[PDB]
Amino acid sequence: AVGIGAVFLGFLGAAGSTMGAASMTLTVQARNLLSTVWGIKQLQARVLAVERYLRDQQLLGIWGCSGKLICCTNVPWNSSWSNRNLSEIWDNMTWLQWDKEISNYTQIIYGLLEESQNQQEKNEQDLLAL
Amino acid sequence: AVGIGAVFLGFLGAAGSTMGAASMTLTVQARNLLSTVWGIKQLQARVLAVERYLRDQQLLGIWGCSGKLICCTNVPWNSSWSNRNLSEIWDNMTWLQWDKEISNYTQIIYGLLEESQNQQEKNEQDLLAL
Amino acid sequence: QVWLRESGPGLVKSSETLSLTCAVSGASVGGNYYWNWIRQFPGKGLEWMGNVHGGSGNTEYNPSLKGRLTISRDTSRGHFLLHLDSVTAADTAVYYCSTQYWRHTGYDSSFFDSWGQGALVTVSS
Amino acid sequence: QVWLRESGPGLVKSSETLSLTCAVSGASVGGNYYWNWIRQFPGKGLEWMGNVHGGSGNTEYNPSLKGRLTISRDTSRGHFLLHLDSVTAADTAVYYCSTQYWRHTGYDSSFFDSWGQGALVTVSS
Amino acid sequence: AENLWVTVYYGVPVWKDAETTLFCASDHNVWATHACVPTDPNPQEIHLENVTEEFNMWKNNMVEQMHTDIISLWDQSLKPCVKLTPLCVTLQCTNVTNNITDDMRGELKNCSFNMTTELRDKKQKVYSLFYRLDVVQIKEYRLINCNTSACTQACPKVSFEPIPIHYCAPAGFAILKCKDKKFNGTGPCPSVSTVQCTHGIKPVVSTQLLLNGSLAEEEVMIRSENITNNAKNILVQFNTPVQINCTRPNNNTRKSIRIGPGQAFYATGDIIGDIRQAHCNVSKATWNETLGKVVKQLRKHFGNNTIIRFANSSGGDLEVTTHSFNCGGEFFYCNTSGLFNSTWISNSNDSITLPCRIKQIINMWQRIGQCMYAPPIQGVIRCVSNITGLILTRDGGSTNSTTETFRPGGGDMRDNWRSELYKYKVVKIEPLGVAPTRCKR
Amino acid sequence: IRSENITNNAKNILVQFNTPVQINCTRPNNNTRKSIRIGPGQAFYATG
Ligand SMILES: *[C@@H]1O[C@H](CO)[C@@H](O[C@@H]2O[C@H](CO)[C@@H](O[C@@H]3O[C@H](CO)[C@@H](O)[C@H](O[C@H]4O[C@H](CO)[C@@H](O)[C@H](O)[C@@H]4O[C@H]4O[C@H](CO)[C@@H](O)[C@H](O)[C@@H]4O)[C@@H]3O)[C@H](O)[C@H]2NC(C)=O)[C@H](O)[C@H]1NC(C)=O
Ligand SMILES: *[C@@H]1O[C@H](CO)[C@@H](O[C@@H]2O[C@H](CO)[C@@H](O)[C@H](O)[C@H]2NC(C)=O)[C@H](O)[C@H]1NC(C)=O
Ligand SMILES: *[C@@H]1O[C@H](CO)[C@@H](O[C@@H]2O[C@H](CO)[C@@H](O)[C@H](O)[C@H]2NC(C)=O)[C@H](O)[C@H]1NC(C)=O
Ligand SMILES: *[C@@H]1O[C@H](CO)[C@@H](O[C@@H]2O[C@H](CO)[C@@H](O)[C@H](O)[C@H]2NC(C)=O)[C@H](O)[C@H]1NC(C)=O
Ligand SMILES: *[C@@H]1O[C@H](CO)[C@@H](O[C@@H]2O[C@H](CO)[C@@H](O)[C@H](O)[C@H]2NC(C)=O)[C@H](O)[C@H]1NC(C)=O
Ligand SMILES: *[C@@H]1O[C@H](CO)[C@@H](O[C@@H]2O[C@H](CO)[C@@H](O)[C@H](O)[C@H]2NC(C)=O)[C@H](O)[C@H]1NC(C)=O
Ligand SMILES: *[C@@H]1O[C@H](CO)[C@@H](O[C@@H]2O[C@H](CO)[C@@H](O)[C@H](O)[C@H]2NC(C)=O)[C@H](O)[C@H]1NC(C)=O
Ligand SMILES: *[C@@H]1O[C@H](CO)[C@@H](O[C@@H]2O[C@H](CO)[C@@H](O)[C@H](O)[C@H]2NC(C)=O)[C@H](O)[C@H]1NC(C)=O
Ligand SMILES: *[C@@H]1O[C@H](CO)[C@@H](O[C@@H]2O[C@H](CO)[C@@H](O)[C@H](O)[C@H]2NC(C)=O)[C@H](O)[C@H]1NC(C)=O
Ligand SMILES: *[C@@H]1O[C@H](CO)[C@@H](O[C@@H]2O[C@H](CO)[C@@H](O)[C@H](O)[C@H]2NC(C)=O)[C@H](O)[C@H]1NC(C)=O
Ligand SMILES: *[C@@H]1O[C@H](CO)[C@@H](O[C@@H]2O[C@H](CO)[C@@H](O)[C@H](O)[C@H]2NC(C)=O)[C@H](O)[C@H]1NC(C)=O
Ligand SMILES: *[C@@H]1O[C@H](CO)[C@@H](O)[C@H](O)[C@H]1NC(C)=O
Ligand SMILES: *[C@@H]1O[C@H](CO)[C@@H](O)[C@H](O)[C@H]1NC(C)=O
Ligand SMILES: *[C@@H]1O[C@H](CO)[C@@H](O)[C@H](O)[C@H]1NC(C)=O
Ligand SMILES: *[C@@H]1O[C@H](CO)[C@@H](O)[C@H](O)[C@H]1NC(C)=O
Ligand SMILES: *[C@@H]1O[C@H](CO)[C@@H](O)[C@H](O)[C@H]1NC(C)=O
Ligand SMILES: *[C@@H]1O[C@H](CO)[C@@H](O)[C@H](O)[C@H]1NC(C)=O
Ligand SMILES: *[C@@H]1O[C@H](CO)[C@@H](O)[C@H](O)[C@H]1NC(C)=O
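For this deposition, the record names cryo-EM as the technique by which the model was determined and cites 3.2 Å as its resolution.

This is the structure in structure tokens:
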């Protein structure tokens with residue numbers, strides 16, 4: 001039960017694996033996100049698919065991780081959000097469980113990321129002024 | 001016949017020149033890619049134009065070449081795809097001819113680029129972990 | 001319009017290396033241009049010396065001047081330099097930097113040629 | 001709410017340079033804030049010493065303390081420092097760091113004032 | 001000590017329940033496949049390992065969407081067809097009494113009337129054959145729908161044959177399919193896959209019996225939202241079909257009457273030969289075996305010592321009281337009374353014949369003010385179909401008795417769609433995620 | 001009081017009160033409505 005390798009090349013094949021194993025197949029999921037009674041439905045579907053992708057891209061770009069699939073930042077991990085160790089998260093849990101556990105504290109992290117990115121940009125401009 | 005300069009500023013003026021000469025006017029082509037019987041046609045045209053541009057931008061960004069017009073990568077050039085020298089490509093051929101010749105081996109290069117970019121991102125994260 | 005200005009020392013001792021500069025204004029040295037170095041001896045005809053391509057960087061030299069003539073570019077500073085080794089008394093002349101190119105703007109195409117005022121170089125000990 | 005805490009040495013010898021620090025919590029030093037350094041002499045009234053703007057960095061000093069008083073910021077460490085050269089026995093006092101600002105939260109507007117507990121500095125050999 | 005920092009991952013495999021709009025995929029029809037996208041020759045299905053999902057057939061939103069699209073297509077297909085406004089004229093009817101048996105006596109009316117022509121100042125005298133269910137006395141009769149609303153005639157070129165349809169979701173959404181057998185449509189499904197979109201589903205419209213459906217792979221399956229409550233219909237799915245052969249043997253004749261410029265009404269000319277009622281045949285031993293399996297599976301939820309009764313319908317309209325369908329363009333309504341008639345107590349080549357009727361004025365969906373006049377079909381018609389389930393209802397059920405009586409049900413057509421879309425659901429992906437890590441920008 | 005060009009007589013003047021003025025309107029006839037069927041599923045409502 002230990003010392004076995006698992007590799008997935010499907011769309012959502014890694015949905016049932018651990019976070020660490022599932023973090024190696026992000027591109028396969030990234031590709032798919034973009035792509036008279038029935039024509040209007042098709043048009044609305046296309047518009048909605050474009051809108052959601054554009055919203056996600058804008059949100060990613062605001063934090064400074066534009067054009068990246070893995071990007072760590074300057075914001076420290078507040079211990080109030082979670083208390084487990086890295087050994088029990090990346091090797092003892094799945095992404096779905098983590099999302100279910102952390103969904104209460106999502107917006108605060110987003111605001112902190114935006115503020116930190118703005119401060120970093122201002123500091124970079126000040127440094128380049130010299 | 002030798003020792004004469006040529007500069008173009010039209011939309012597709014450099015279509016008939018060589019690859020090296022045509023690689024100096026990429027921005028002029030980049031600008032134009034985005035911009036009852038007739039209104040629906042106009043709406044469909046707008047939607048299609050948006051979708052194609054978004055697909056192209058996503059494909060460029062997946063490889064790590066986001067926000068760049070001349071982005072060179074780490075994947076080596078397999079000799080099976082082509083056998084000519086740089087002197088006979090960039091000074092003896094046109095982009096249309098090169099595309100007609102190399103249309104056969106595009107998806108393999110795309111997949112290799114995606115995998116290389118993912119590996120580079122993971123290696124960068126590992127290096128930044130220390 | 002492309003403006004070319006020559007510069008360099010007015011005198012070079014025999015057997016030394018003559019260095020000349022040509023500065024370009026109104027155009028980018030890194031564009032699809034050919035920059036040519038020519039000279040005129042006193043009381044004689046012209047004699048093309050060499051040229052360089054701004055984009056690729058390939059240089060073409062006269063066979064007579066081969067082995068002693070070098071032409072280089074500088075995109076950041078926007079000028080191109082010329083070097084001639086083992087200059088003798090016969091190398092005294094007026095040097096010019098020129099460029100000819102076709103400009104195809106939309107519907108219409110034109111031929112433009114630009115020359116510099118030139119710099120007199122005298123070789124003697 | 002913006003919290004300010006003073007810190008620094010409790011004693012400075014005469015003719016030395018007094019260095020003081022004020023740390024800010026709950027707000028960014030690089031924001032659109034004015035940070036003011038004031039002092040109170042023993043058994044006397046208050047005396048504003050200087051201030052600095054977090055964003056642009058312009059500093060305004062009292063004419064009496066001009067030529068010896070410096071105020072600087074530190075956004076990365078989130079605190080601002082004060083330097084006073086040639087401190088004499090008359091410079092013994094309690095130093096405070098304060099800030100005033102209008103907060104315009106959409107519809108509403110409110111004036112906010114913040115002071116620190118202050119640090120006593122005694123100058124003597 | 002911990003020194004952990006937030007890290008953003010894009011492309012995480014996480015999904016959430018959502019409601020969206022699906023579109024066509026399919027390989028002269030009322031269910032127009034012309035505006036439906038072509039289907040890929042080789043559909044892609046990705047099984048998800050160690051993934052258990054939550055499923056509920058009774059709250060699926062795809063059923064409502066399918067119902068709305070079916071109704072919209074049905075309404076759209078009838079727009080370019082003749083309107084039978086002139087047909088609301090007083091009729092003079094007599095009895096058809098030649099070569100008629102003892103059961104078809106008085107079931108047909110020979111009605112003569114006046115009608116318009118292409119010229120707007122000339123009239124013609126015509127006659128036709130009508131069914132007794134279509135005419136109401138005012139020796140003078142009139143069509144039943146004349147005091148409610150004028151209504152159209154189905155165009156004779158569009159076919160009512162069902163065609164399979166696949167319902168596919170947009171980008172950013174996924175269709176999850178429960179591959180676990182013996183799943184009763186509610187609760188946790190442990191075996192799950194993601195499919196590009198669903199398989200072909202025929203929009204077969206019928207009541208009191210499910211025809212040309214899908215069979216259970218293990219055994220007879222009984223489903224109900226709340227089996228304790230007697231107000232919820234019970235859905236039964238057979239693991240093997242039961243063949244049924246329906247036929248109208250009358251040799252009909254069709255004639256055309258020009259009622260205006262480029263407008264024709266298709267009437268029944270005459271019947272050539274004998275006149276006999278349409279009927280359906282179903283095997284007896286197969287039905288008995290199927291009922292044995294059904295009662296065996298029913299005993300699980302209602303005790304192992306109860307007495308199980310199958311009886312007749314309660315009453316109401318002819319659409320809900322009778323197995324109603326269409327076979328070859330003619331709308332049959334039939335009396336499934338010889339089937340659900342038996343009692344079971346805990347402990348050969350003949351067949352059951354259902355005699356039954358045909359109708360021409362149709363109120364297809366449960367609406368008021370819109371008909372559909374089916375033009376007559378020429379010649380004898382016969383069809384064969386499968387029976388692959390039942391819709392039952394428990395009458396009474398109080399504790400005062402120790403026996404259960406089940407009667408056939410129907411009426412609502414959503415239950416016909418619910419029997420096929422029970423193993424599917426739609427979710428939307430949420431790629432963005434935040435985790436704790438060590439690397440610092 | 002508002003107007004595009006008060007000097008010109010061809011432009012209407014808009015007046016806005018600071019307080020309302022109550023107005024009570026009434027029709028006191030006791031009318032009767034009767035439906036007449038003029039076709040299949042078509043009724044015309046006349047005053048009886
Ligand atoms: C369950 O499924 C089974 C099988 O999967 C279904 O049974 C099949 O039903 C179809 C449709 O009734 C039937 O196909 C018909 O067969 C007839 C006999 O061969 C054909 O004559 C008929 O074609 C006519 O109709 C077409 C339109 O549907 C026309 O395009 C065609 O030209 C024919 O029409 C001509 O003839 C008529 C009459 O003379 C005339 O009025 C027209 O103007 C035109 O000239 C169909 O092809 C299959 O044969 C059946 N299969 C079996 C095995 O019997 C069953 O119906 C399903 N159950 C339910 C409830 O839907
Ligand atoms: C329906 O009624 C019509 C008219 O009464 C019948 O048509 C008549 O048939 C007789 C033969 O018995 C002819 O002599 C007449 O000339 C026909 N009348 C017309 C106007 O054509 C028709 O046969 C009846 N059909 C049935 C089934 O009873
Ligand atoms: C078709 O119309 C004709 C007249 O246009 C009808 O014959 C008339 O019937 C009325 C009975 O209400 C008599 O009072 C007239 O004298 C008749 N006229 C003639 C010329 O015969 C005929 O009955 C109508 N047909 C049907 C089936 O109603
Ligand atoms: C009625 O049921 C039978 C058996 O379930 C169906 O016959 C099968 O049809 C499929 C068509 O894809 C074949 O692959 C199977 O091999 C058939 N089974 C047998 C035993 O022959 C029949 O098609 C059903 N009738 C209808 C109208 O769908
Ligand atoms: C299934 O149906 C039964 C019968 O109605 C429900 O039980 C009833 O619940 C109501 C709600 O207050 C009570 O008033 C009745 O007295 C109950 N009757 C019996 C016989 O228990 C039951 O709750 C339903 N199941 C679910 C999950 O809702
Ligand atoms: C339904 O079953 C009945 C028998 O109960 C069939 O009636 C027989 O039909 C055949 C036709 O080939 C005749 O030769 C026999 O004379 C009929 N017998 C009786 C007693 O009526 C009927 O044909 C069957 N119909 C279908 C569609 O299967
Ligand atoms: C329904 O019709 C089918 C086909 O007409 C019948 O199947 C035939 O049955 C006869 C008699 O056993 C056989 O000789 C044929 O070979 C069968 N044909 C096929 C294709 O299987 C079926 O028996 C009928 N069922 C009922 C209840 O009448
Ligand atoms: C189910 O069977 C019962 C009895 O077998 C039917 O009740 C009969 O209804 C008819 C009306 O069509 C009456 O004339 C009979 O007198 C009734 N029988 C008795 C014994 O009272 C009932 O109609 C059947 N259900 C359906 C839907 O037809
Ligand atoms: C459905 O079939 C049953 C069984 O024949 C019918 O019940 C018969 O109804 C007639 C009245 O038309 C009675 O005379 C018989 O006595 C009934 N039979 C039995 C066994 O009770 C029933 O009427 C049919 N449904 C309809 C709507 O007619
Ligand atoms: C408001 O209306 C007055 C009256 O028409 C305008 O003044 C007139 O302007 C026209 C334009 O040439 C002249 O022909 C008239 O003789 C003027 N009449 C008077 C009485 O002055 C005035 O211009 C209008 N205001 C604006 C802003 O257009
Ligand atoms: C409008 O005012 C008139 C009075 O000028 C009202 O007329 C009176 O209405 C009352 C109704 O309660 C009668 O009792 C009086 O006899 C009427 N008097 C006269 C002189 O007509 C009228 O009712 C008012 N209507 C409204 C809608 O306010
Ligand atoms: C399957 O998943 C469960 C939790 O979802 C986990 O405990 C178990 O270890 C997994 N199986 C394997 C073989 O990893
Ligand atoms: C037609 O036959 C039916 C059923 O026998 C009967 O009720 C009706 O009175 C008859 N009408 C006639 C003879 O006009
Ligand atoms: C039309 O007539 C039938 C029978 O005479 C009656 O049942 C129905 O209610 C009538 N329609 C309306 C709208 O009243
Ligand atoms: C059958 O349905 C009931 C409804 O309450 C549910 O609790 C049960 O889990 C279902 N069976 C299975 C195997 O999930
Ligand atoms: C119905 O009648 C027509 C016309 O006589 C004939 O051609 C056809 O064969 C008949 N139908 C049958 C099943 O015999
Ligand atoms: C119902 O079943 C009984 C058996 O007790 C039988 O006598 C009767 O004829 C059946 N009724 C019908 C309509 O088949
Ligand atoms: C109008 O007449 C009706 C019918 O008599 C009556 O019920 C009603 O009260 C009358 N209206 C008034 C305001 O009295």
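The next point concerns the overall build of chain F. Within chain F, the secondary structure is distributed over zero helices and two strands. Taking the principal axes of the C-alpha coordinates as reference, chain F spans close to 60 × 25 × 15 Å. Within chain F, contacts between residues at least 6 apart in sequence are counted, and of these 0% link residues at least 24 apart.

A count of helices and strands for chain E gives four helices and 28 strands. With the C-alpha coordinates aligned to their principal axes, the bounding extent of chain E is approximately 100 × 65 × 40 Å. In chain E, which comprises 441 residues, the proportion classed as buried is 50%. Accessible area for chain E stands at about 21,100 Å²; split by element, carbon and sulfur atoms hold 47% of it. Computing the positive centroid from 46 side-chain charges and the negative centroid from 38, chain E places the two 4 Å apart.

What follows concerns empty space enclosed by the protein. All names here are of chain E. Reported here for the largest cavity is a volume of approximately 230 Å³. Among the secondary structure elements, those contributing two or more residues to the lining of the largest cavity are β15 (221–223), β16 (234–248) and α4 (414–418). Taken together, the residues of the lining of the largest cavity break down into nine nonpolar, seven polar and four charged.

Below, the discussion takes up the packing of aromatic side chains. Applying the stated criterion across every chain yields a total of 36 aromatic pairs over all chains. With a centroid separation of 4.5 Å and an interplanar angle of 55°, the aromatic rings of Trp63 of chain B and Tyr110 of chain B are classed as tilted. In this pair, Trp63 of chain B sits in the loop between α3 (37–62) and α4 (95–102) while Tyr110 of chain B sits in helix α5 (residues 106–129), placing the two residues 47 residues apart along the sequence. On the basis of relative accessibility, which here comes to 15%, the residue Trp63 of chain B falls in the buried class. Ring plane angle 80° and centroid distance 5.4 Å describe the contact between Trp102 of chain D and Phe111 of chain D, whose orientation is recorded as edge-to-face.

Between chain A and chain E, the residue contacts involve 52 residues of the former and 51 residues of the latter. For the pair chain A and chain E, the summed buried surface comes to about 5,000 Å²; carbon and sulfur atoms form 68% of the total. Across the chain A-chain E interface, the total number found is two salt bridges. The shortest N-O distance in the salt bridge between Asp99 of chain A and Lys16 of chain E comes to 2.6 Å. At the boundary of chain A and chain E, one finds 14 residue pairs in polar contact. Of the residues that constitute the side of chain A that touches chain E, the class distribution is 35 nonpolar, 13 polar and four charged. As defined by bridge partners, strand β1 (residues 70–76) of chain A adjoins strand β1 (residues 5–9) of chain E across four bridges and the pair is classed as antiparallel. Counted as the bridge partner of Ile70 of chain A is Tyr9 of chain E from β1 of chain E.

This paragraph deals with a nonpolar patch on the surface. All names here are of chain F. Taken together, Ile1, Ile13, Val15, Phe17 and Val21 make up a surface patch of nonpolar side chains, about 600 Å² in accessible area. Within the secondary structure layout, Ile13 lies in the segment before β1 (33–39). Look at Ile13 and you get exposed, because its relative accessible area is 52%.

Residue and element names in this part refer to chain E. Taken together, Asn226, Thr228 and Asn229 make up the full set of residues near ligand 5. The contact in question runs from an oxygen atom of ligand 5 to an N or O atom on the side chain of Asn226, over 2.4 Å. Compared with its free state, where it exposes 580 Å², ligand 5 has 18% of that area covered by protein.

It is worth spelling out the sheet that holds strand β6 (residues 91–95) of chain E at this point. All names here are of chain E. With antiparallel pairing, the five strands of this open sheet are ordered in space as β8-β7-β6-β10-β9. Every other strand in the sheet has two partners, leaving β8 (123–131) and β9 (135–137) as the edge strands with one partner each. Averaged over all neighbouring strand pairs, the angle between strand axes comes to 40°, with direction disregarded. Bridge analysis of β6 against strand β7 (residues 108–116) gives four bridges, and the strand direction is antiparallel. The residue bridging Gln92 from the neighbouring strand is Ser112, located in β7.

So, on to the site of ligand 7. All names here are of chain E. Around ligand 7, the surrounding shell consists of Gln243, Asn245, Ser283 and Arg382. In this structure, an oxygen atom belonging to ligand 7 sits 2.7 Å away from a side-chain N or O atom of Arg382. For the shell around ligand 7, the per-class residue count stands at no nonpolar, three polar and one charged.

Residues and elements named next belong to chain B. Roughly 2,500 Å³ of volume is contained in the largest pocket. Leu60, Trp63, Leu69, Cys71 and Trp95 are, among the 47 residues lining the largest pocket, the residues nearest its centre. Residue assignment for the lining of the largest pocket shows that the elements contributing at least two residues are α1 (19–22), α2 (26–32), α3, α4 and α5. Partitioned by chemical class, the residues of the lining of the largest pocket number 33 nonpolar, 10 polar and four charged.

Let us look at the side chain of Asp69 of chain E. By the element assignment, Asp69 of chain E lies in helix α1 (residues 62–77). Within the structure, the side chain of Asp69 of chain E is placed 2.7 Å from the side chain of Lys41 of chain A, a separation counted as a polar contact. In contact with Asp69 of chain E, other than residues within four places in its own chain, are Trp38 and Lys41 of chain A together with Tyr167 of chain E.

Moving on: the state of the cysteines. All names here are of chain A. Here the structure, examined in full by the defined rule, presents 15 disulfides over all chains. For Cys65, the disulfide goes to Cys71, at an S-S distance of 2.0 Å. Negative torsions about the S-S bond denote left-handed disulfides, and the value of about -55° found for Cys65 with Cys71 makes this one left-handed. Here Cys65 falls in the buried class, since its relative accessible area comes to 1%.

The side chains of a regular strand alternate between the sheet's two faces. Residue and element names in this part refer to chain D. Pairing analysis gives seven bridges linking strand β4 (residues 34–40) to strand β5 (residues 46–53), with the strands arranged antiparallel. Across the sheet, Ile38 pairs through a bridge with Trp48, a residue of β5. Between β4 and the antiparallel strand that follows it, β5, lie five residues; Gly43 among them carries a positive phi value of about 60°. Of the pairings in the sheet, the one linking β5 to strand β6 (residues 59–61) comprises three bridges and is antiparallel in character. Paired with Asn51 across the strands is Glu60, a residue of β6.

Attention now moves to the environment of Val135 of chain E. Residue and element names in this part refer to chain E. Examined against the element boundaries, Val135 turns out to sit in strand β9. Judged by relative accessible area, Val135 falls into the buried class, the value being 8%. Leave out the neighbours within four places in its chain, and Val135 touches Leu91, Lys109, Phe130, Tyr141, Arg142, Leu143 and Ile144.

Here we come to the packing of helix α3 (residues 37–62) of chain A against α1 of chain E. Across the interface, α3 of chain A lies against α1 of chain E with an axial gap of 10 Å and an inter-helix angle of 140°. As the angle between them shows, α3 of chain A and α1 of chain E are arranged oblique. Residue-level inspection shows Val37, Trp38 and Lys41 of chain A of α3 of chain A in contact with α1 of chain E, the latter providing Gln65, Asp69, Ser72, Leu73 and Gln76 of chain E. Classifying every residue of the contact of α3 of chain A with α1 of chain E gives three nonpolar, three polar and two charged.

About the criteria used
- Residues numbered from 1 in each chain as written, not as in the entry; some residues may be left out.
- Chains lettered and ligands numbered in written order.
- Part of a larger assembly, values for the part shown.
- Heavy atoms only, no water.
- Helix = DSSP H or I, 4+ residues; strand = E, 2+ residues; numbered from the N terminus.
- Contact = heavy atoms within 4.5 Å.
- Buried < 20%, exposed > 50% of the residue type's maximum accessible area, 1.4 Å probe, protein only.
- Areas by Shrake-Rupley, 256 points an atom, 1.4 Å probe, with all protein chains shown as cover.
- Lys, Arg positive; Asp, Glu negative; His and termini not counted.
- Charge placed at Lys NZ, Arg CZ, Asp CG, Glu CD.
- 1 Å grid on protein atoms, 1.4 Å probe; cavity = no way out; pocket = protein on both sides within 12 Å on 5 of 7 lines; lining within 4 Å.
- Points joined across faces, edges and corners; volume = space filled by probe spheres on them.
- Nonpolar A, V, L, I, M, F, W, Y, C, P; charged D, E, K, R; others polar.
- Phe/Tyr/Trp six-rings, centres within 6.5 Å; stacked < 30°, edge-to-face > 60°.
- Buried area = accessible area lost by both parts, 1.4 Å probe.
- Salt bridge = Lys/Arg side-chain N within 4 Å of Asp/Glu carboxyl O.
- Polar contact = N/O pair within 3.5 Å; in protein donor to acceptor, adjacent residues only side chain to side chain.
- Pairing = 2+ DSSP bridges.
- Patch = residues over 30% accessible without salt bridge, like charges linked within 9 Å, V, L, I, M, F, W, Y side chains within 5 Å.
- Near = heavy atom within 4 Å.
- Axes fitted to C-alpha atoms, helices over the stretch in contact; angles between N-to-C directions.
- Disulfide = S-S within 2.5 Å.
- Parallel < 35°, antiparallel > 145°, perpendicular 65-115°, else oblique.

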